[PDB]
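Everything below belongs to structure.cif, which stores mmCIF, C-alpha atoms and all ligand atoms.
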data_input
#
loop_
_atom_site.label_atom_id
_atom_site.label_comp_id
_atom_site.auth_asym_id
_atom_site.auth_seq_id
_atom_site.Cartn_x
_atom_site.Cartn_y
_atom_site.Cartn_z
CA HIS A 3 40.04 29.39 27.40
CA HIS A 4 39.38 26.80 24.61
CA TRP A 5 35.96 25.87 23.31
CA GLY A 6 33.77 23.21 24.87
CA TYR A 7 30.20 22.51 26.00
CA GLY A 8 30.59 23.91 29.57
CA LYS A 9 28.95 26.88 31.30
CA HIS A 10 31.25 29.51 29.69
CA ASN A 11 32.76 28.12 26.47
CA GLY A 12 29.86 26.37 24.80
CA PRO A 13 28.12 26.72 21.42
CA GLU A 14 26.89 30.27 21.93
CA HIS A 15 30.50 31.44 22.31
CA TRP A 16 32.12 29.59 19.39
CA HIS A 17 31.55 32.38 16.89
CA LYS A 18 34.16 34.59 18.55
CA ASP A 19 37.01 32.26 17.57
CA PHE A 20 35.22 30.67 14.57
CA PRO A 21 33.03 33.30 12.79
CA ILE A 22 31.79 30.67 10.33
CA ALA A 23 29.60 29.59 13.26
CA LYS A 24 27.14 32.21 11.91
CA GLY A 25 27.59 31.03 8.29
CA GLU A 26 25.21 29.99 5.59
CA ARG A 27 25.44 26.21 5.88
CA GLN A 28 25.87 25.35 9.57
CA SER A 29 24.90 22.10 11.25
CA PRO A 30 22.98 20.58 12.88
CA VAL A 31 19.48 21.62 11.85
CA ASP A 32 15.91 20.73 12.71
CA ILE A 33 14.48 18.37 10.08
CA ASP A 34 10.90 19.51 9.49
CA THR A 35 9.54 16.23 8.05
CA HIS A 36 6.48 17.70 6.39
CA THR A 37 8.50 20.14 4.32
CA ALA A 38 11.43 17.92 3.38
CA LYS A 39 10.69 16.86 -0.15
CA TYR A 40 10.92 13.38 -1.51
CA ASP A 41 13.55 13.43 -4.26
CA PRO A 42 13.08 10.49 -6.69
CA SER A 43 16.55 11.32 -8.14
CA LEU A 44 18.24 10.25 -4.83
CA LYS A 45 19.76 6.79 -4.83
CA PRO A 46 19.79 4.11 -2.13
CA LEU A 47 22.68 4.62 0.10
CA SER A 48 25.60 2.16 -0.31
CA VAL A 49 27.30 1.43 2.99
CA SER A 50 30.13 -1.09 2.56
CA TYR A 51 31.75 -1.80 5.90
CA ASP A 52 32.65 -5.52 5.37
CA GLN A 53 36.40 -4.71 5.39
CA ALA A 54 36.38 -1.93 8.00
CA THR A 55 39.50 -2.07 10.24
CA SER A 56 39.16 -0.28 13.55
CA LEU A 57 42.38 0.65 15.35
CA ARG A 58 41.80 2.63 18.55
CA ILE A 59 39.32 4.50 20.70
CA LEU A 60 40.25 7.98 21.98
CA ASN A 61 38.71 10.34 24.56
CA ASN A 62 39.53 13.66 22.87
CA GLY A 63 37.92 15.79 25.64
CA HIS A 64 34.79 16.39 23.53
CA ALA A 65 33.56 12.86 22.77
CA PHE A 66 35.15 9.48 22.21
CA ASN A 67 36.32 8.61 18.70
CA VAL A 68 36.51 5.06 17.32
CA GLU A 69 39.23 5.38 14.68
CA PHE A 70 39.66 3.32 11.52
CA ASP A 71 42.50 2.45 9.17
CA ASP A 72 41.79 4.59 6.27
CA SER A 73 45.06 3.86 4.33
CA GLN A 74 43.33 1.32 1.95
CA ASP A 75 39.94 1.89 0.29
CA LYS A 76 37.89 -0.14 2.69
CA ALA A 77 34.82 0.89 4.55
CA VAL A 78 33.28 3.36 2.16
CA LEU A 79 30.04 5.20 1.71
CA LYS A 80 28.70 6.00 -1.74
CA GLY A 81 25.41 6.42 -3.56
CA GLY A 82 22.63 8.29 -1.85
CA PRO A 83 23.18 11.98 -2.69
CA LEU A 84 26.93 11.51 -3.17
CA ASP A 85 29.08 11.64 -6.25
CA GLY A 86 32.12 9.42 -5.95
CA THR A 87 33.30 7.53 -2.89
CA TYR A 88 33.93 8.45 0.73
CA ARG A 89 36.12 6.46 3.10
CA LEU A 90 35.32 5.90 6.78
CA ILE A 91 37.83 7.53 9.14
CA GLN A 92 36.10 7.53 12.56
CA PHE A 93 32.81 7.49 14.39
CA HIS A 94 31.70 9.22 17.57
CA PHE A 95 28.54 10.13 19.46
CA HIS A 96 26.83 13.12 21.00
CA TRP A 97 24.58 12.56 24.02
CA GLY A 98 22.73 14.18 26.86
CA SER A 99 22.68 14.39 30.64
CA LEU A 100 19.06 13.09 30.43
CA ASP A 101 17.36 10.72 28.01
CA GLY A 102 15.25 13.64 26.74
CA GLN A 103 18.14 15.41 25.02
CA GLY A 104 21.48 14.65 23.38
CA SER A 105 20.99 14.58 19.62
CA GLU A 106 22.32 17.38 17.40
CA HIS A 107 19.79 17.03 14.60
CA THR A 108 16.16 17.13 15.67
CA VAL A 109 13.07 15.79 13.85
CA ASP A 110 10.08 18.13 14.06
CA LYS A 111 11.86 19.50 17.15
CA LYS A 112 12.16 16.04 18.75
CA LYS A 113 15.48 15.49 20.49
CA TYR A 114 16.82 11.95 20.70
CA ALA A 115 18.92 10.63 23.60
CA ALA A 116 22.06 10.54 21.44
CA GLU A 117 23.32 10.71 17.86
CA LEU A 118 26.03 8.63 16.16
CA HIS A 119 28.18 10.27 13.48
CA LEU A 120 30.14 8.05 11.04
CA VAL A 121 32.61 10.39 9.33
CA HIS A 122 33.86 9.74 5.79
CA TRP A 123 36.17 11.75 3.49
CA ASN A 124 35.97 12.10 -0.27
CA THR A 125 38.75 10.04 -1.82
CA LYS A 127 39.09 12.57 -4.68
CA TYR A 128 40.94 14.84 -2.20
CA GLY A 129 43.51 12.25 -1.09
CA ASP A 130 43.22 12.62 2.69
CA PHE A 131 40.97 14.02 5.42
CA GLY A 132 42.88 17.26 6.00
CA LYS A 133 42.56 18.31 2.36
CA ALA A 134 38.94 17.07 2.16
CA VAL A 135 37.75 19.37 4.95
CA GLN A 136 38.82 22.36 2.86
CA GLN A 137 36.27 21.45 0.15
CA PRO A 138 32.48 21.92 0.10
CA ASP A 139 32.01 18.24 -0.86
CA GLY A 140 34.91 16.94 1.24
CA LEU A 141 33.04 14.92 3.90
CA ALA A 142 29.94 12.75 4.15
CA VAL A 143 28.67 12.19 7.68
CA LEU A 144 26.11 9.46 8.33
CA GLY A 145 23.99 10.42 11.33
CA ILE A 146 21.99 7.85 13.27
CA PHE A 147 19.66 8.70 16.18
CA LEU A 148 19.70 6.68 19.42
CA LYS A 149 16.62 6.17 21.60
CA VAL A 150 16.60 4.39 24.97
CA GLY A 151 14.84 1.02 25.02
CA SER A 152 16.28 -2.42 24.09
CA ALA A 153 20.05 -2.80 24.28
CA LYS A 154 22.11 -2.61 21.06
CA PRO A 155 24.23 -5.76 21.25
CA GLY A 156 26.70 -4.42 18.67
CA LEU A 157 27.35 -1.35 20.86
CA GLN A 158 28.40 -3.25 23.99
CA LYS A 159 32.09 -3.67 23.05
CA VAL A 160 32.30 0.10 22.79
CA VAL A 161 30.54 0.59 26.12
CA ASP A 162 32.81 -1.82 27.92
CA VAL A 163 36.06 -0.12 26.81
CA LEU A 164 34.93 3.27 28.10
CA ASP A 165 36.13 2.66 31.63
CA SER A 166 39.68 2.54 30.17
CA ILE A 167 39.41 5.97 28.48
CA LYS A 168 37.62 7.89 31.22
CA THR A 169 39.51 11.14 30.86
CA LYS A 170 40.67 13.48 28.11
CA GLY A 171 43.70 12.26 26.19
CA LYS A 172 43.33 8.55 27.12
CA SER A 173 43.22 5.98 24.28
CA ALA A 174 42.92 2.22 24.10
CA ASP A 175 43.52 -0.37 21.38
CA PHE A 176 40.22 -1.16 19.68
CA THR A 177 40.58 -3.62 16.85
CA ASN A 178 38.11 -5.77 14.98
CA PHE A 179 35.07 -3.63 15.86
CA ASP A 180 32.37 -4.00 13.16
CA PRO A 181 30.32 -0.77 12.70
CA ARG A 182 27.66 -2.67 10.80
CA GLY A 183 26.31 -3.61 14.22
CA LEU A 184 25.38 0.07 14.80
CA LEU A 185 23.10 0.43 11.72
CA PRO A 186 19.28 0.32 11.86
CA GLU A 187 17.29 -1.89 9.61
CA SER A 188 16.28 0.81 7.01
CA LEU A 189 18.66 3.14 5.20
CA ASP A 190 15.89 5.68 4.42
CA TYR A 191 17.42 9.12 4.96
CA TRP A 192 17.24 12.89 4.82
CA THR A 193 20.13 14.84 3.29
CA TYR A 194 21.28 18.45 3.18
CA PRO A 195 24.56 20.44 2.83
CA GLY A 196 26.10 21.52 6.13
CA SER A 197 29.11 21.69 8.37
CA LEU A 198 31.15 20.10 11.08
CA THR A 199 29.29 20.54 14.37
CA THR A 200 32.37 21.39 16.41
CA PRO A 201 35.07 24.01 15.78
CA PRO A 202 36.44 24.67 13.25
CA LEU A 203 32.81 24.35 11.98
CA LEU A 204 33.96 24.00 8.34
CA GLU A 205 31.23 23.95 5.69
CA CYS A 206 32.45 20.75 4.08
CA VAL A 207 29.81 18.12 4.91
CA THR A 208 27.05 16.37 2.99
CA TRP A 209 24.82 15.21 5.84
CA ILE A 210 22.92 11.93 5.51
CA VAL A 211 20.64 11.42 8.52
CA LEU A 212 18.84 8.09 8.81
CA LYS A 213 15.16 8.19 9.66
CA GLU A 214 15.12 4.98 11.70
CA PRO A 215 16.76 5.32 15.15
CA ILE A 216 18.64 2.52 16.83
CA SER A 217 17.65 1.43 20.33
CA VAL A 218 20.25 1.30 23.10
CA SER A 219 19.59 0.47 26.73
CA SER A 220 19.42 2.87 29.60
CA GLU A 221 22.54 1.17 31.03
CA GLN A 222 24.49 1.66 27.79
CA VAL A 223 23.84 5.36 27.62
CA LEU A 224 24.49 5.69 31.40
CA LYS A 225 28.01 4.46 30.77
CA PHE A 226 28.57 7.16 28.12
CA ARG A 227 27.65 9.65 30.82
CA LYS A 228 30.42 8.36 33.18
CA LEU A 229 33.11 9.64 30.79
CA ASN A 230 34.84 12.87 31.66
CA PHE A 231 35.66 16.05 29.71
CA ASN A 232 38.59 16.74 32.08
CA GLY A 233 41.98 15.07 32.09
CA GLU A 234 43.29 12.71 34.75
CA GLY A 235 44.01 14.44 38.03
CA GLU A 236 41.68 17.37 37.24
CA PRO A 237 38.28 18.05 38.93
CA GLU A 238 35.62 15.79 37.42
CA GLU A 239 33.37 17.22 34.72
CA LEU A 240 31.05 14.53 33.40
CA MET A 241 31.05 14.25 29.59
CA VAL A 242 27.35 14.98 29.02
CA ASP A 243 25.46 17.42 26.78
CA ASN A 244 28.22 17.45 24.17
CA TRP A 245 25.75 18.51 21.41
CA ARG A 246 25.42 21.70 19.40
CA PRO A 247 21.82 23.00 19.10
CA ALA A 248 20.00 23.28 15.79
CA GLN A 249 21.21 26.16 13.61
CA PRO A 250 19.28 28.30 11.09
CA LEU A 251 18.44 26.44 7.89
CA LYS A 252 18.93 29.59 5.75
CA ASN A 253 18.88 28.98 2.03
CA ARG A 254 18.84 25.15 2.19
CA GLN A 255 16.53 22.34 1.25
CA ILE A 256 16.40 19.05 3.11
CA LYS A 257 15.63 16.16 0.74
CA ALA A 258 14.07 12.82 1.62
CA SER A 259 15.09 9.51 0.01
CA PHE A 260 11.68 7.97 0.75
CA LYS A 261 7.92 8.50 0.34
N1 LIG B 1 30.28 16.22 14.78
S1 LIG B 1 31.46 16.24 13.73
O1 LIG B 1 31.14 15.10 12.69
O2 LIG B 1 31.62 17.56 13.18
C1 LIG B 1 32.95 15.75 14.50
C2 LIG B 1 33.08 15.78 15.95
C3 LIG B 1 32.23 16.28 16.90
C4 LIG B 1 32.38 15.97 18.21
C5 LIG B 1 33.39 15.33 18.70
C6 LIG B 1 34.30 14.62 17.99
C7 LIG B 1 34.14 14.92 16.57
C8 LIG B 1 34.97 14.32 15.71
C9 LIG B 1 34.99 14.52 14.32
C10 LIG B 1 36.09 13.98 13.50
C11 LIG B 1 36.13 14.15 12.11
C12 LIG B 1 35.07 14.95 11.52
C13 LIG B 1 34.02 15.36 12.27
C14 LIG B 1 33.96 15.17 13.74
ZN ZN B 2 29.53 14.64 15.57
#
Any chance you could give the structure as structure tokens?
Ligand SMILES: NS(=O)(=O)c1c2ccccc2cc2ccccc12
Ligand SMILES: [Zn+2]
Amino acid sequence: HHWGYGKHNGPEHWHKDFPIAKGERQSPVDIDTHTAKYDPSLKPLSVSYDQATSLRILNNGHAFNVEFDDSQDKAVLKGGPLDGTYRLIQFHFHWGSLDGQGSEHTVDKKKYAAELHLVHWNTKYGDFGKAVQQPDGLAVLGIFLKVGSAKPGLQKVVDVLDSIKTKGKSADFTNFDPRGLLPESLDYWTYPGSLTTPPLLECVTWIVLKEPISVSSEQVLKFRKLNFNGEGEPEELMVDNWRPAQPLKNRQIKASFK
């Protein structure tokens, strides 16, 4: 009886195995835009993905992960609120059964159709598994998706999904350029938080872009054909794989703009 998003093992149950679920810096959160304060000390974000080397795409039973070679310092995130440098390890999405839900963060209670998470670990801790044990171990860049015009740079991802339908399937996925998933503006909100799935560790500096990307209805429809189950098990569509907003508690959300 492992955790998931289903009728009986979803977010409201996670605290029994992972009591940090009720902690002081859980994610996601609602971003109340009027109260977030512009911080003139914040720096432009520096996203340097020109050497990013993707390897593989994996259906892990929760989402699909596009994995990167993180053995050389390529594909790094720095600046913004961060001290030091963070190396890209993977990206994944969260999405809904319906276009009206799917994001983890919300903006004045608005839910987007989906949310992309680009996960990076702080190189001062040597690898990902040590970084997640530190309060400044990860930086996750979050990007909202709305349904409208297709995102041309997303299509290669969409088209490989039929080959990783079920939990535990992977496929080779080289030469994918994540720059094609970025919006025009790098204006952002930032706050200290957590992983949004078990083990829910409080190790993340969140950087959530204000500008959403547009993807087409057909692109997001193909996300929703994935399955949470493994091959040869009854079909459970991979939809609604998002954790709801959690209490902000003693945190401030800062804006890079305005
Ligand atoms: N949302 S998260 O960044 O905490 C997260 C995941 C959430 C859903 C499914 C796959 C996920 C993969 C992650 C891998 C590394 C760090 C965070 C990850
Ligand atoms: Zn995520």
Exercise. Quick one: everything within 10 Å of residue 218 in chain A, counting all atoms listed in the file, minus sequence neighbours fewer than 5 positions away in the same chain. Send it as a PyMOL selection string.
Key: chain A and resi 115-116+148-158+184+223
Quiz prompt | Surrounding residues as a PyMOL selection string, ligand ZN 2 (chain B), max 9 Å, only C-alpha atoms and all ligand atoms | solution = chain A and resi 65+93-96+106+117-121+143+145+198-200+245
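Ranking A:49, A:59, A:240, A:146 by their shortest atom-to-atom distance to residue 109 in chain A, with only C-alpha atoms included, puts A:146 first.
The neighbours of residue 78 in chain A here are the residues that come within 8 Å of it, using all atoms listed in the file and leaving out any residue fewer than 5 positions away in the same chain; they are residues 49, 50, 51, 87, 88, 89, 90 and 122 of chain A.
Take the candidates A:43, A:11, A:178, A:62 and check each one against ligand LIG 1 (chain B) using only C-alpha atoms and all ligand atoms; the shortest distance goes to A:62.
Take the candidates A:176, A:231, A:192, A:114 and check each one against ligand LIG 1 (chain B) using only C-alpha atoms and all ligand atoms; the shortest distance goes to A:231.
Compared by their closest atoms to residue 188 in chain A, and using all atoms listed in the file, the residues A:207, A:47, A:33, A:163 rank with A:47 nearest.
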Quiz item: Could you name the residues that touch residue 249 in chain A at 9 Å or less, counting only C-alpha atoms, but leaving out those on the same chain fewer than 5 positions away, as a PyMOL selection string?
Solution: chain A and resi 24+27-32
Quiz item: With only C-alpha atoms as the basis for distance, which of A:166, A:237, A:110, A:216 is at the shortest distance from residue 34 in chain A?
Solution: A:110
Quiz item: Taking into account all atoms listed in the file, which residue in the set A:54, A:224, A:68, A:189 is nearest to residue 97 in chain A?
Solution: A:224
Quiz item: Which neighbours of residue 131 in chain A fall inside 12 Å, counting all atoms listed in the file, when residues of the same chain fewer than 2 positions from it are skipped, and could you give them as a ChimeraX atom specification?
Solution: /A:72-73,88-92,121-125,127-129,133-137,139-142,206-207
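Our summary of the geometry notes that CA of residue 196 in chain A is positioned 24.7 Å from CA of residue 182 in chain A.
Relative to CA of residue 239 in chain A, CA of residue 172 in chain A is found at 15.2 Å.
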Quiz item: How far is it from CA of residue 171 in chain A to CA of residue 23 in chain A, in Å with one decimal?
Solution: 25.8 Å
